[PDB]
Structures are given as C-alpha cells and as structure tokens.
Protein chains: 2
Amino acid sequence: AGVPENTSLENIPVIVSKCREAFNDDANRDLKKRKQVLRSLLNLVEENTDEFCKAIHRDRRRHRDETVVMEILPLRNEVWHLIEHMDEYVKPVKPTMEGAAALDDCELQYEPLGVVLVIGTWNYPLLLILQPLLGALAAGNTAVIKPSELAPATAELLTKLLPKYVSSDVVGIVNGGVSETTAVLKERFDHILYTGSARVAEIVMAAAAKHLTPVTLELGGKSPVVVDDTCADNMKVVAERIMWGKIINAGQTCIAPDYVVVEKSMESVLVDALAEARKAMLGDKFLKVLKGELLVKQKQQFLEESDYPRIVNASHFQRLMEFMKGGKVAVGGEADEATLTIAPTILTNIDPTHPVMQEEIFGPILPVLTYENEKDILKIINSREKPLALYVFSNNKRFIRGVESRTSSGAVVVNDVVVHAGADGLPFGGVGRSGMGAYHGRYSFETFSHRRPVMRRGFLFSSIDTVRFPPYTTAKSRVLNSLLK
Amino acid sequence: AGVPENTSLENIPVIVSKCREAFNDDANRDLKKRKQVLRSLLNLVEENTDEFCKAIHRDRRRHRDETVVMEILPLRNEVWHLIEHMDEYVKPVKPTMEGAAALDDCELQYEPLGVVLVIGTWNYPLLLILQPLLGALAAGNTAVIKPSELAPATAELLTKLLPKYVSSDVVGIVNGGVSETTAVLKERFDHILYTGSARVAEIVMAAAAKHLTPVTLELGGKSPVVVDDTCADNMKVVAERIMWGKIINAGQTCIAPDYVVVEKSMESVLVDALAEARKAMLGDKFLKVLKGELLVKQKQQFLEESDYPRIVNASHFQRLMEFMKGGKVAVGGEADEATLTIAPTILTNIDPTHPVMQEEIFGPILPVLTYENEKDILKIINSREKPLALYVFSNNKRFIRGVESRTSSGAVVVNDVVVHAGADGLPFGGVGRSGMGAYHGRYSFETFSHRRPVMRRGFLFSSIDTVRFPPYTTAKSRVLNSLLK
C-alpha cells in the first residue's frame, strides 16, 4: 500500500482517553518503566534501520547514508543521552535563596505533565516525530503522535512497528490529514509539540488555547549565511559547508542556508567555490544527464534512481522554478518536472522585493546578496522574520560579535551550517515566527515537565510573623514605617 | 474622578508602535539604561507609597499595613533583586557538551524579545502590574501595560505617576475594559503576561495565537490545605496561618486557602482553632457590629472605616453568600451587602458536588472536608483542576512526601500558606488551568528573554566531515555501517 490507514474520527477520542487513563494509572511514572520504553524505542530504530531508510527513500528519495547521518544516528544519540542522564534530570534542584526564604527548606521538583501530543512533519519524518516523543516519555508523560501524511511510507512503517516496541496506552497514534489533525487537536493534552509551518502553527496554538495547553512550535524562516572578507584562504571549506547544507533533502530543511549575504569583494570567489562544491557533491554524470548533455535510455528512471532528493510535490516544484525569475541564474537551474528534481541553483543580482527574498525558500534556490558595511547586513536580516538559524563565516572576532549582538535567531553557528541541530548540549528551538520553546536532551526533559517549587517550613517564629498578622495595631504601623522611606 | 480615562481605540496602535520603534532604536538595550529605568520605578514606588496605599484602600478597603506587606515591600525587593543581579543574568552560560560538539566553542546567550504586554488584575493591582513589568524591563524589552478597570483608583494614580518616572516610549499604558483589551490584543507583541481567570486566559491565548506570541498565564484554582493528625500540639499556629491566608484581601487571592482536607479525628480541634484565630485577627467589636449584636450610630460608615477588605462587587458578594448553602455554617456567616462585607466563614458537612466545592471560591468561604486515608485526599485533589498552590500541614516526612509526589500544583508549601509568593529564589507560576510559565527575579529575566545557543567552529577537519559530504560512495556506506553494527 505505502500509506497508513486513516484513524476514524470516532476512534480519536478513544486513543487519547486510553493514553490519559494510562498516565493516571502510572504507566510511565517509575524510572524503570521510562528506561524500558526508551530502550524499546532504541530497539525500534536499530532493529528496523534498513527498512526505515527504504521507507524514507520512498518518501523523500533521500539516500540511505544521508538518512543515517540526519535521522538514525541523532535518534540513537538522543535515546542514549536520555537513558544515561535520567537519574540526574529527575532529582530536585536546591535553588539559591535570599532573604527570609533562605531560612526555610526549598526545592525545585520536576513532575510529569500528563499526555503530550506530537505532530510530525514530512521532511525528516522519523527524526521529527521520534525525537520529541523520546523527550516526552523521558519526563514520565504518555503521548499521542500524529505522523505527517506527506511522508506516507514512513508513517505506515512506524505505525506497523511501534506497537511491537511500545504499548498503545503509552504511545497512541493518529494517522491522516487535515480532518484527523483538526480532530485530535480538539482533545485535551497537557503539552503540544508541533513542527512545520507558521501558518499551521497559528491553528495549533488556537486549538491549544481552548484547553490552556502549553505549546512548543518548531517552525522555519529564512536562515541567512553571512560571509565576510576574512575567509579568502578558507573559501573552499566555506563553500563546501554551505553547499552541503543546501543539498541535503534538496534544500527542504528548516535550518537550511536560505540565502547568502557576502562581502562585495568576495562575491565572485564564493560563487565559483559554490559551483565547484556542487559539482563535487552531485557528480558529473548526474548533472550531465539532468542538463541533457549525456543521454540515457530512461532519463526519468535514472533520476528516480539518483542520490539526490525530490521536491515534496508539483506545487512546491513550480513555486521554486518561479523563484529563479527573481535573479540571474549564476550556477545551475537544471530541473526535471516529472521526477520533481531541481538541482542547487545560485541566484545573483537579486530583486530583494521578489518573493524569493520575501518567503522561506525551503528548496534548492540560493540567492546571493552583497554588503559593504554592517548596516547593509542588518537592514537585510532585521527587516525579515527571526529565522531558526543564522550562520556567519568569518575569522574576525569583532565582526562575529557585532553580527551576533545586533541580530536575533533561534541559533547562531560560526563557520558552519546545520550541524548545531545534532549538538548534544544545546537547546534546539526558534524565536518569533521561527517558533517558541526548545527541546533536545535536558531541554526536552524540562519542556515536557513542570518545574514545581516546594517550600517547607517549621512551626517556630520567624521574621514574617512580626508584621503579617492582624489586628493592625499602632505598634505594627511603627514597625512597618521603619522599613519604609 | 477616581478613574482613568479610557484609551481611544485609534491611539492603541500608536502607543504600541511607539514602544516597538523604541525597542528597535535600542531604547532599553544598554544595561545602564535598564538600571536607570529600574531605579526610577523604585523611586515611583518609594516616593508615592502613601498615595498608592490610599488608592489601593479606596479600591479594595485593604489596610495600609496589609498593602505594605503584600505589595509595596515585595515590589521594593523585586527592584533591588533585579538591579543587583542584572550583570549576572545577562552573561552567557557555558553549556555541558557531549559527543562531537564538545570539541567546539558553545554558549547560551540571552537576548531581549521586543515589546511585552502586561495585563493586570484588580486584587493586588500594583504588585500584579509592576512586578511583571520590572522583569520585562530588566530583560531589555519595552512594554505596554493594561491596568484592571476593577481597581480604578490605583489605575488612575499609576497612569498619572508612571510617565514622570519612565518614558511612554519604553512603557506604554492602555486603560479600559473589554473593548480596549480586545483592541490591544490585536497588536503584535513578542510576549504577553496575563494574570486573571482561566476563562479570559483562553481569549488572551487565542489572540496571541494570531501572532505566534508566547504567553505567561497566571491563573487560579482551588488551592487545598491538607492537615494531618501529627499537628495537635501546633494547632493554634496551623489555624493562625490558614486564617491569615484567608483574611488577607477578604479571600480574594489566587493562592488563598480555598478549602481544607483535615484528618477525621482533627476536625473539631481545627475548626475551634480557626474560630479563635478569626476572633483574634478581626477583633470582637468588628464581629459584634457585623453580627448585629452591637449597635452603632452609622453601621455602614463603621464597616467602610474597618480594617477588613471588601468583596469586589455585588455579583461576587451574592455568589459567595449562595456558597454558604452548600454546607453547615460552623463558624461565622456574618455579612453586610451595602458595604460588600463577608466575614470569614467555615463550612462543614459539605456536599462535594455543590458549586462551593466545584469552583474557585475567591472569597471568605472555607469548606472543611475530612479524610481517613491518603486515597481519600487524592480523590478530592486529583479530581479537580491543578491549583496554583497546595498546602500541607504535617510533622510526618513520609506523609508530606506522599502528598507531594501524588499531586500536581503550581507550588507546595509545607506548614504555611501564601508566603512562598514573596520568596526570593523561587519561580512563581501555575500548571494546567492554574496557568503556564513562571516569573519573579531570575525567572522573570528568563521568561522575558530568548535563550540563544551559539556554536563556534574552525575551518579544520573534524569527525562529522568523515561522513556528512556527498557523493554517497560505497566507502562512505561501509564507514556508516560500521557505526550501526
């Protein structure tokens, strides 16, 4: 089939209710149970790595090795992190107390929230459904997951496999499109994590508002790459890192390099270096066949057998092809509609008001803009929505510090792109229209827990008792007036 | 007049726009500017303490000394905390890194969000508008404040005074009711803090959804007081603390003791002790006059000159009087409609299904329920919404641990009520229908900032470069397959 069966609307309340009852019955309360579930989800990933790569290949045309690097290995590391550090994360923290409260016994405890809803996306369909789930389960919640309908092979496989590793009471699954997503959003959760578009995020948050449910929203935006004039000697590595970040998933990544702002004098060397990096990574034969300079017996079959990922659908393909009109095609521009293939394309001489420099590209088009001074960079970046990532290539500390301190983004990476998402120890999240909240590791545990302050007092007298109790006497007034001036 | 002029709907966009432009022009970016504003707000409170107490007295009939303890002193301590610790809070944190990312230079920086909206409430009308504001300004934001129309004297005075201490570009003010609140909620903010009801919180969060604006919601619920059988010798102090928490603001506090769950054998001694505490705190003459056992020449004038706060309005008064029907009036029940006076009233023999044990009381009615075992306590508490506070009176460690670990609330205090709100070092906030997010001190700074991860790399080779780059060769597959075995 290659598609999961849609969950009936009548079964959606039952699925959520079973997860609710399971939470209430301590199904994931004890740390032993949480570690068992995490270990079982590790087994889910490890025992079925080959078939998941094949399903992801069917959905995305993403090569197995790309999927291993981007999804399988990060998931494995996430499970190991959460199991290894769980005992540390669950313990109460002793906060720094000042004044009268310092004499009492105070703690910050962490407690589970209840049932967490995770709404997945299609571009990394295993990572972006399981990574949030692992965190929610580490914090002692139960969960409902909603796989993206735009990665149906992955959704089918995950739906088939998951019950063999984790109970449906602990992790429920709702499959379908808008109808089923709308329906599950009417049910009451204690937290919702959504990855996807700002448009749909508004709808998710509106639904969450009806139950006063906290939300983590992982969205996108136009992640800029700033390249200054101190990287001439590093230009090959600069171009290789930028081009890699663009080539993965055919540009369809929330932290992909969206556009470049390069120092005026470095434009030619950067563009040439990006062209060389592109040839190296895609290979001569692929490009020649796509260009029409090397014949093959079955061109469409050749492209469907290639190592280069597909655009999600025809609508997104046409949108990306129209974006090429907003500047000069300096490098690339090769495409095949039938196989939804668009090679990485560098645009120069951009009209900044054109849609290509107004909307998140989320594809193989890379606009290149120039700057002369810091003010030019800030005008480009600060006039647009706060992106999930911001990238700066530079060997100059003062330049890097200036760009960091005068911009806002979900993260900053200096001299690389994308790799911060796999970094164990950083919270991953957006700000403004790139989203709210953050997760990964400790930050998943915190996001899917309630930090609950506890103050323990004795029955002895203390400084608060000198003034708090009525009746309001002249003596009390004199005591309080002595504190005031 | 005793009332602020309503902000015209046409001026609301202008007010927000001026604050937005001020933020964009770095009006509160530099720490010098932030400390100047905080010091000026300290001067606002300290120079006008007498007049604020009088305005709050006009609105609430709250005694000056009660206002000093509950609002003035906590605000003073908040400003001192934020000024003293600002340099500590702004500095980057070095996160604990694991795996490949441990070789890179990583930081968690804090940056301002933009413009913060603070919607105040009426019950502590200075504290619950200024305390959030102080935090927002400490984090380098500008702000718009919306004072509650149900504390008009305080709203008028604050609106008059605030521009003399802080610029209208840095702190804008919108005055009015539903029309003006609805209008300001259409404007784009980078964070909204709302204190009030769960009902209106849903409307606030729906408005926030339209701009993907994060929200901190400080709501209410029925904060239970659990009293076990190990406090017989401490029963006077137990009763004094509970009764004080109820008497302040005539019960109209989001963390007031809403109801009591007392061990079966201790019911009589607790109720008697609460009665004695009530007499001590209110005085014999006040109660006698309210009961109608002592005549005075001007009864309504006598009650309006009393030290006991007023119910907010006639509607809330009638609701609280009807709550007395849900059990036996064991202690109190004295009231005067004209002056909106209801004395603290202890109800026994409660019908748990009656509205008095279904809704947040937010008034002088204190239901007393009994328990025999832990299961009885948990059935009462866990069948209701997660309250902002939970209180446990006990000398038994195992009992306290059991109640803490099996309940969820915004906070727990052992052997006291309410006082945790003034504790320097604890985050203050709810969970579920008592709210989301938290603030006070460091936690205000964190709530009104974006924690922004920064990863700095060099141009040298590292372990990620062995596998990330295409082309996807047989050699790469062998390298990645070696990691997956």
Side-chain angles (χ1 to χ4, degrees), chain A residues 49 63 65 68-69 77 95-99 101 106 111 198 201-202 205-206 209-210 212 214 217 234 237 244 247 281 283 307 404 408 411-416 419-420 423-427 431 433 436 450-459 464 467-472 476-477 480 484, chain B residues 49 63 65 68-69 95-99 101 106 111 198 201-202 205-206 209-210 212 214 217 234 237 240 244 247 281 283 307 404 408 411-416 419-420 423-427 431 433 436 450-459 464 467-472 476-477 480 484:
Chain A
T49 287
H63 195 277
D65 294 351
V68 168
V69 169
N77 295 338
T96 300
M97 302 306 297
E98 298 198 61
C106 298
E111 61 172 0
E202 168 172 354
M205 195 167 174
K210 300 211 158 175
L212 301 177
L217 307 173
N234 310 292
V237 173
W244 167 76
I247 284 171
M281 292 179 195
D307 302 349
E404 285 174 11
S408 179
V412 178
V413 189
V414 179
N415 299 325
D416 217 324
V419 295
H420 70 294
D424 190 331
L426 298 182
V431 57
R433 290 196 78 78
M436 64 180 68
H450 172 223
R451 182 177 57 191
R452 187 192 195 190
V454 178
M455 167 178 274
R456 310 206 186 78
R457 308 197 84 250
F459 290 108
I464 65 188
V467 292
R468 69 165 152 169
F469 297 119
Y472 297 109
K476 188 197 295 308
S477 298
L480 290 167
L484 298 162
Chain B
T49 287
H63 195 278
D65 295 352
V68 168
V69 169
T96 301
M97 301 306 298
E98 164 170 354
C106 298
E111 61 172 1
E202 294 181 12
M205 194 166 174
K210 299 197 172 187
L212 302 176
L217 307 173
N234 310 293
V237 174
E240 283 168 342
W244 167 76
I247 284 171
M281 292 179 196
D307 300 349
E404 286 174 12
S408 180
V412 178
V413 189
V414 179
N415 299 325
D416 218 324
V419 295
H420 70 294
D424 191 328
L426 295 183
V431 57
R433 291 195 77 79
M436 63 180 69
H450 172 41
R451 183 176 55 188
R452 189 189 195 194
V454 179
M455 167 178 274
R456 310 206 186 78
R457 307 197 30 104
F459 290 109
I464 66 188
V467 292
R468 69 164 153 169
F469 297 119
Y472 297 110
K476 188 197 295 307
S477 299
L480 289 168
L484 299 161

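Each chain gets a letter, A, B and so on, in the order the sequences are listed, and its residues count up from 1. The basis for the numbers below is simple: all heavy atoms, side chains too, and nothing from hydrogens, waters or symmetry mates.
Within the 4.5 angstrom heavy-atom criterion, only backbone atoms of B:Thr96 (N, CA, C, O) approach chain A. At a 4.5 Å heavy-atom cutoff, the contact between A:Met436 and chain B is made by side-chain atoms alone. Proximity to chain B involves both the backbone and the side chain of A:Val454, based on heavy atoms less than 4.5 angstrom apart. In this structure, chain A has heavy atoms under 4.5 Å from both the backbone and the side chain of B:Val467. Residue B:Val68 touches chain A through its side chain alone, counting heavy-atom pairs closer than 4.5 Å. Looking at A:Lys210, the atoms closer than 4.5 Å to chain B (heavy atoms on both sides) all sit in the backbone: N, CA, C or O. With a threshold of 4.5 angstrom between heavy atoms, B:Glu111 approaches chain A through side-chain atoms but not through N, CA, C or O. Interface residue A:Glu98: backbone and side-chain heavy atoms are both found under 4.5 Å from chain B. In this structure, the portion of A:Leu217 lying under 4.5 Å from any heavy atom of chain B is its side chain and not its backbone. Heavy-atom distances place both the backbone and the side chain of A:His420 under 4.5 Å from chain B. Looking at A:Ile464, the atoms closer than 4.5 Å to chain B (heavy atoms on both sides) all sit in the side chain, from C-beta outward.
Most heavy-atom pairs under 4.5 Å with chain A: of the set B:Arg433, B:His63, B:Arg452, B:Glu240, this distinction falls to B:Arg452. Put simply, of B:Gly99, B:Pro214, B:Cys106, the one with the most heavy-atom pairs under 4.5 Å next to chain A is B:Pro214. Ranked by non-hydrogen atom pairs under 4.5 Å with chain A, the options B:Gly425, B:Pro470, B:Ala423, B:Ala101 are led by B:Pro470. Between chain B and the residues A:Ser477, A:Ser408, A:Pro95, the largest count of heavy-atom pairs under 4.5 Å involves A:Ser408. Of the listed residues (A:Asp424, A:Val419, A:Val413), the one with the most heavy-atom contacts under 4.5 Å to chain B is A:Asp424. Options B:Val69, B:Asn234, B:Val237 differ in how many heavy-atom pairs under 4.5 Å they form with chain A, and the most are formed by B:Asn234.
Taking CG from A:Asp65 and CG from B:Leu480, the interatomic distance works out to 5.0 Å, rounded to the nearest 0.5 Å.
Between B:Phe469 and A:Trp244, the ring planes lie perpendicular to each other; the angle is over 60°, past the 30° to 60° tilted range.
Across A:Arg468 and A:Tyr472, no two heavy atoms sit closer than the pair O-OH, 4.4 Å. Nearest heavy-atom pair, B:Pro453 versus A:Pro427, reported as atom, atom and distance to 0.1 Å: CG-O, 3.5 Å.
Remark: the backbone N or O of A:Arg457 is paired with a side-chain donor or acceptor of B:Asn415 at under 3.5 angstrom.
In this structure the side chain of A:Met455 never reaches within 4.5 angstrom of the side chain of B:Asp416, judged on heavy atoms.
In summary, B:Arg456 and A:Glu404 engage in a salt bridge, as defined by a charged side-chain N under 4.0 Å from a carboxylate O.
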